[PDB]
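This is entry-v4.cif (mmCIF, C-alpha atoms).
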```cif
data_model
#
loop_
_atom_site.group_PDB
_atom_site.id
_atom_site.type_symbol
_atom_site.label_atom_id
_atom_site.label_comp_id
_atom_site.auth_asym_id
_atom_site.auth_seq_id
_atom_site.Cartn_x
_atom_site.Cartn_y
_atom_site.Cartn_z
ATOM 1 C CA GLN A 1 0.000 0.000 0.000
ATOM 2 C CA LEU A 2 0.917 3.691 0.013
ATOM 3 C CA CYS A 3 0.559 6.764 2.226
ATOM 4 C CA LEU A 4 1.080 9.984 0.269
ATOM 5 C CA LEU A 5 0.184 13.290 1.937
ATOM 6 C CA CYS A 6 -3.509 13.877 1.216
ATOM 7 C CA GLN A 7 -6.125 16.420 2.303
ATOM 8 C CA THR A 8 -9.507 14.977 1.336
ATOM 9 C CA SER A 9 -10.857 11.615 0.158
ATOM 10 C CA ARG A 10 -9.296 12.229 -3.259
ATOM 11 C CA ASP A 11 -6.987 15.253 -3.238
ATOM 12 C CA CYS A 12 -4.385 13.439 -5.337
ATOM 13 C CA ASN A 13 -6.205 12.957 -8.643
ATOM 14 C CA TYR A 14 -3.875 10.016 -9.279
ATOM 15 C CA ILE A 15 -4.633 6.756 -11.085
ATOM 16 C CA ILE A 16 -3.248 4.115 -8.724
ATOM 17 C CA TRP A 17 -3.823 6.406 -5.730
ATOM 18 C CA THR A 18 -7.382 7.603 -5.101
ATOM 19 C CA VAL A 19 -8.095 6.166 -1.642
ATOM 20 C CA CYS A 20 -7.043 8.854 0.821
ATOM 21 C CA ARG A 21 -6.733 7.882 4.477
ATOM 22 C CA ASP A 22 -5.867 9.928 7.571
ATOM 23 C CA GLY A 23 -4.094 12.670 5.645
ATOM 24 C CA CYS A 24 -2.704 9.992 3.332
ATOM 25 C CA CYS A 25 -3.163 8.735 -0.238
ATOM 26 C CA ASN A 26 -3.264 5.141 -1.483
ATOM 27 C CA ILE A 27 -4.939 2.712 -3.880
ATOM 28 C CA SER A 28 -6.845 0.907 -1.125
#
```
Show how you would write the structure in this file as structure tokens.
Amino acid sequence: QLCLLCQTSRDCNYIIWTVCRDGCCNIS
């Protein structure tokens, strides 16, 4: 999995990274 800095549920607009967690971004 991943954990890229995110703000909302989908503040990344990425392909393999749309599932944002606690201030994070991932695929699932």
For this session: Compile the contact shell of residue 21 (chain A) as a PyMOL selection string: residues with an atom at most 9 Å away, counting all atoms listed in the file, same-chain residues fewer than 3 positions apart removed.
Result: chain A and resi 3+6-9+24-26+28
For this session: Specify as a ChimeraX atom specification each residue included when the PyMOL selection byres ((chain A and resi 16) around 8) is applied to this file.
Result: /A:14-15,17-18,26-27
With 3 Å on each side, where is the centre of the axis-aligned box around all listed atoms of region 4-23 of chain A, and how long are its edges in Å to one decimal, as lines of an AutoDock Vina configuration file?
```
center_x = -4.9
center_y = 10.3
center_z = -1.8
size_x = 17.9
size_y = 18.3
size_z = 24.7
```
